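In what follows, every chain begins at residue 1, and chains take the letters A, B, ... in the order their sequences are listed. Just so it is clear, the values below take in all heavy atoms, side chains as well, and ignore hydrogens, waters and symmetry mates.
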Amino acid sequence: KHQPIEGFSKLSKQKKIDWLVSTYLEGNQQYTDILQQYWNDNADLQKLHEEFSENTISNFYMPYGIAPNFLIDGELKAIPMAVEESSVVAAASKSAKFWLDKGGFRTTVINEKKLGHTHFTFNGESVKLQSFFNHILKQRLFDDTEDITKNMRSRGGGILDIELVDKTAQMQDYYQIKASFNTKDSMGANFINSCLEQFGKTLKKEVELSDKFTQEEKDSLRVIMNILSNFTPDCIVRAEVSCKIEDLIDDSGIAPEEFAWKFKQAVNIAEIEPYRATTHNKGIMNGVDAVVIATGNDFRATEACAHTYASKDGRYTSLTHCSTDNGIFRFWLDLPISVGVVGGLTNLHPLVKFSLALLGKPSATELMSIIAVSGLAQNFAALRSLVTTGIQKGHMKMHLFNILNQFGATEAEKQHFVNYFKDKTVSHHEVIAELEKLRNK
Amino acid sequence: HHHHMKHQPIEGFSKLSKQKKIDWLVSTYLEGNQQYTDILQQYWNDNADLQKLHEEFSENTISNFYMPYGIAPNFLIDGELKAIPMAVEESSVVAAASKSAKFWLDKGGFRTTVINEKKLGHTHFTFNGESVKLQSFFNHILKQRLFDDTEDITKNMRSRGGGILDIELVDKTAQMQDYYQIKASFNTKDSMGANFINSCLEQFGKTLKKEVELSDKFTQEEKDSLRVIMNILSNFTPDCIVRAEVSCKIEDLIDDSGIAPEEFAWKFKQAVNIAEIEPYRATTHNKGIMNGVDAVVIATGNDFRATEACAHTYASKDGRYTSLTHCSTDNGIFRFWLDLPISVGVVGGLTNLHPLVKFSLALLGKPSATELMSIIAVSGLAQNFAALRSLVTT
């Protein structure tokens, strides 16, 4: 019978905690100490870290790690990573080391197109709305946003294009004003939503003022919502590694052609089996999200975007692909991702500042490259590990059953050898010596 | 690299002490400016043993990245009033959670139904012989042997009421030549289950290869063709899934904007329907759900890459990417629900050593894993409700 707390957010941090610990933790001061042991000693810094979210009562430590020696487009970077899962940072470092002398990582930033929509309904003829949009309203939508977009346009960005989309086949009377945006180094959410909110104002007002619509048709115009889309398939970058198959050298002594083919097979499984692609893509995001967090960006957005992209052709599939044509190994990731490097409240987080300074003050597109590299290297590490374990183990077992089949061993004899070599290693001499003992008493 | 030469690779980075890692990093990339060293060190805990503890979760740890740790109080969940811990960096997420809790507190609260707890994993392998011969061997001999050879591995889990639920042979040769799967389903009780599942699959791989090698049903050439590609769990668990739901009479949907309650319910359903039929909205819409899910996932030491991958795969499982929540306004009743596939643990994770994770679990009343599933689904539903309540009353 806990009682609800009124006015919780107005309470001081200390009174929030006293109530919390009394109500749910039996007044045990040890839970209070656990909250306070993560507080920063410095008053201003602690206050700063209580202004990103709301009702903050402590700091959740996420490990801040470094994976060094990433050769990215000819430059050697150390990548900061904030992630709680073990082996993620070590795998990143191991992939960077692997590719350091095999061409490193190369990226192509394809496009930086972000999207938003005014969703609305309208009961009149679609073609009258289209005609009005094409000849009048579209220009008026740019005009009424000139003040909103002045700063961004002086930075090189702005509204790239505006479209009317007839969605009436999906939902009765449903239309969109669909716009694309360049927000430069900003994540862009406030800029986009501000444009979209003015779009809805201009749409409703211009339709009401036009002689082309009946008053019934005007009254039917209703904006549902003005909101950006986190699906940005044209804000996207390719990260890629490539070398000659013969140069895929691993200290595990595995043949490079065998490794190349088994690696490609692991990628193909994720391309055709959705239950594998989910885990495979999750591995990519281990790398992506660790850098998204370290640079103060929104990983729900990068997750929602990447996994939507993974299903965009009608089947949930792998975000990475691989070819082994003509003696060349290629492995690449097309990662749609929207990030910012200025203008966010989280750009005030000092470790976000550290991350951006560490990476060389990257532009948004340069950070897109860095994050896509981190995802590619993480996926590479997982698959390289999964395929080279299967080569290490099967080498001794396949050696054994071929000797036994060359010697025509019975199934009972084959059984006895499985027991005998459970802990022992498989030598060509030892197998034959033991078979000689068994058959000749 | 403006004014110095090209950076040189560091050898033996992980064997450097923490301070030596930092010194190289700041000398190489930050011009030896001690202000950047100070930024790293100001987040170290005063207690040396606690600091070292937080340097053993990941690798190459040189500082602590603060994520805010917040409370959203007054969540009425299946008849109990919970304060939900939330670790998230984005503004308004925690406040929106509190506002949704407040709205539903006197309107029935949140009801959950944990539907199933089935987790999955696969032995992926190739085999060049006749599929029917592999299937017949599996059905009559191998499947039982796969259970037998994991008895020692599953003994601890079975005494907790879990274990391997079923094992199937899947023919994927239409998708890829000679490709097959041993597909297994698992109950891991209060564990996330990763290490338990992967241990079983690795034993499947060994038993599969061994039993085929020993069988007289196959030629030696067919035996040599059997190659295990990988033994790995799947983060897509559509049958480890909970519904969270709110419902009340439409006349009770009273909002401070003065919008009529029937108008609010209709505009709200409209906003949901648009996410159901427009993928570009569904992505953002589901993102809002994950704002709430991920904040509790982090606060309880769980893996949010896994929950993100699972939920967004689920969102496309019928051929189009669509909303994870749904809404009805039939017969004067407002209904709004979320079917969230989610796999989490409340024990046994390296992160249940994180004292704030222990705090979250104690705050929530030491929930079981299915009770945590419910709490997280409520948090997703409440976040989506808050987002859509704002978008239609603005």
Side-chain angles (χ1 to χ4, degrees), chain A residues 91 241 248 254 257-261 263-286 306-307 309-311 313-325 329-334 375-376 378-390 394, chain B residues 119-127 131 134 138 167-185 194 197-198 200-202 204-206 208-209 225-226 228-238 305-306 309-310 313 316-317:
Chain A
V241 294
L248 293 166
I254 305 170
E257 285 78 13
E258 176 176 340
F259 172 78
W261 172 81
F263 187 98
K264 174 164 89 169
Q265 203 189 31
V267 176
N268 295 156
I269 297 287
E271 295 171 326
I272 51 85
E273 173 54 77
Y275 283 78
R276 171 60 191 153
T278 300
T279 319
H280 171 107
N281 290 337
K282 187 273 196 205
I284 296 177
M285 303 307 287
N286 279 343
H307 288 291
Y309 196 85
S311 71
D313 300 319
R315 182 185 68 270
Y316 188 89
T317 187
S318 152
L319 291 164
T320 55
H321 312 278
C322 172
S323 57
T324 57
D325 297 319
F329 169 92
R330 288 178 55 239
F331 179 56
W332 64 94
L333 164 66
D334 292 337
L376 186 70
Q378 194 72 206
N379 190 213
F380 179 82
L383 267 65
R384 171 197 183 186
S385 145
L386 286 166
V387 301
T388 50
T389 309
Chain B
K119 300 176 188 187
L120 297 171
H122 302 82
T123 291
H124 307 262
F125 68 102
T126 56
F127 170 75
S131 181
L134 182 59
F138 178 87
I167 304 170
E168 308 166 5
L169 174 68
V170 187
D171 182 333
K172 308 289 302 191
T173 64
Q175 289 67 60
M176 191 178 98
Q177 176 191 9
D178 296 327
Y179 174 31
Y180 298 80
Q181 302 159 354
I182 307 300
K183 171 178 190 166
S185 42
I197 290 166
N198 287 336
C200 292
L201 304 174
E202 291 171 34
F204 291 171
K206 297 181 191 174
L208 169 64
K209 180 67 176 172
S225 79
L226 201 134
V228 174
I229 297 162
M230 66 182 85
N231 302 295
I232 186 71
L233 66 87
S234 174
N235 288 130
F236 183 44
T237 58
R305 278 81 61 208
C310 182
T313 300
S316 75
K317 77 189 189 59

Output all residues satisfying side chain to side chain donor-acceptor pair (under 3.5 Å) with [X], sequence neighbours left out; order by chain, then residue number.
X         : answer
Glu271(A) : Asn268(A), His321(A)
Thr279(A) : none
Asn198(B) : none
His307(A) : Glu303(A), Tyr316(A)

- Task: Pick out which of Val267(A), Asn281(A), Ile284(A) makes a side chain to side chain contact (heavy atoms under 4.5 Å, CB included) with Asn379(A).
- Result: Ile284(A)
- Begin from the C-alpha positions of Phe125(B) and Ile229(B) and carry the test side-chain contact (heavy atoms from CB on, under 4.5 Å) through to its verdict. CA-CA 5 Å; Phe125(B) 68 102; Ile229(B) 297 162; 5.6 Å; no
- Task: Taking side-chain contact (heavy atoms from CB on, under 4.5 Å) as the test, write out the residues that go with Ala382(A), two or more places apart.
- Result: none
Indicate the atoms forming the closest heavy-atom contact of [X] with [Y], along with that distance.
X         : Y         : answer
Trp332(A) : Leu376(A) : C-CD1, 3.7 Å
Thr278(A) : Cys310(B) : CG2-N, 4.1 Å
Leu333(A) : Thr320(A) : CB-CG2, 3.7 Å
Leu226(B) : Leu208(B) : CD2-CG, 3.8 Å
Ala277(A) : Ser318(A) : CB-N, 3.8 Å
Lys264(A) : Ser323(A) : CD-CA, 4.4 Å

Could you pull out all residues at least two apart from [X] that satisfy salt bridge (charged side-chain N to carboxylate O under 4.0 Å, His left out)?
X         : result
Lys119(B) : none
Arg315(A) : none
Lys172(B) : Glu273(A)
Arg276(A) : none

[X] vs [Y] side-chain heavy atoms within contact, under 4.5 Å:
X         : Y         : result
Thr126(B) : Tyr180(B) : no
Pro238(B) : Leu120(B) : yes
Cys322(A) : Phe263(A) : yes
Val387(A) : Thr389(A) : no
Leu248(A) : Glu257(A) : no

Value rounded to 0.5 Å, distance of [atom1] in [X] from [atom2] in [Y]:
X         : Y         : atom1 : atom2 : answer
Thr123(B) : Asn231(B) : OG1   : CG    : 4.0 Å
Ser385(A) : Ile232(B) : OG    : CD1   : 8.5 Å
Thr317(A) : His280(A) : OG1   : NE2   : 8.0 Å
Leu319(A) : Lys282(A) : CG    : NZ    : 14.5 Å

- Message: Walk me through whether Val170(B) and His122(B) qualify under side-chain contact (heavy atoms from CB on, under 4.5 Å).
- Response: CA-CA 10 Å; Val170(B) 187; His122(B) 302 82; 5.9 Å; no
- May I ask you to check whether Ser131(B) and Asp171(B) show a side-chain donor-acceptor distance below 3.5 Å? yes
- ring-ring contact (aromatic ring centres under 6.0 Å, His included) partners of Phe204(B), counting only residues at least two apart: none
- Residues that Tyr309(A) engages under ring-ring contact (aromatic ring centres under 6.0 Å, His included), provided they are two or more places apart: none
- Ring centres of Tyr179(B) and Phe127(B) under 6.0 Å apart? no
- Once the angle between the rings of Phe259(A) and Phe380(A) is folded into 0 to 90°, is it parallel (under 30°), tilted (30 to 60°) or perpendicular (over 60°)? perpendicular
- Task: Please lay out, stage by stage, how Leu134(B) and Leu169(B) fare under the test side-chain contact (heavy atoms from CB on, under 4.5 Å).
- Result: CA-CA 9 Å; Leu134(B) 182 59; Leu169(B) 174 68; 3.9 Å; yes
- Message: Keeping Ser316(B) on the side-chain end and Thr313(B) on the backbone end, is there a donor-acceptor pair under 3.5 Å?
- Response: yes
- Query: Looking at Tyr275(A), is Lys183(B) sitting on its ring face, NZ or CZ under 6.0 Å from the six-membered ring centre and within 45 degrees of the normal?
  - Reply: yes
- Show your reasoning for whether side-chain contact (heavy atoms from CB on, under 4.5 Å) applies to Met176(B) and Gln265(A). CA-CA 10 Å; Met176(B) 191 178 98; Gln265(A) 203 189 31; 3.9 Å; yes
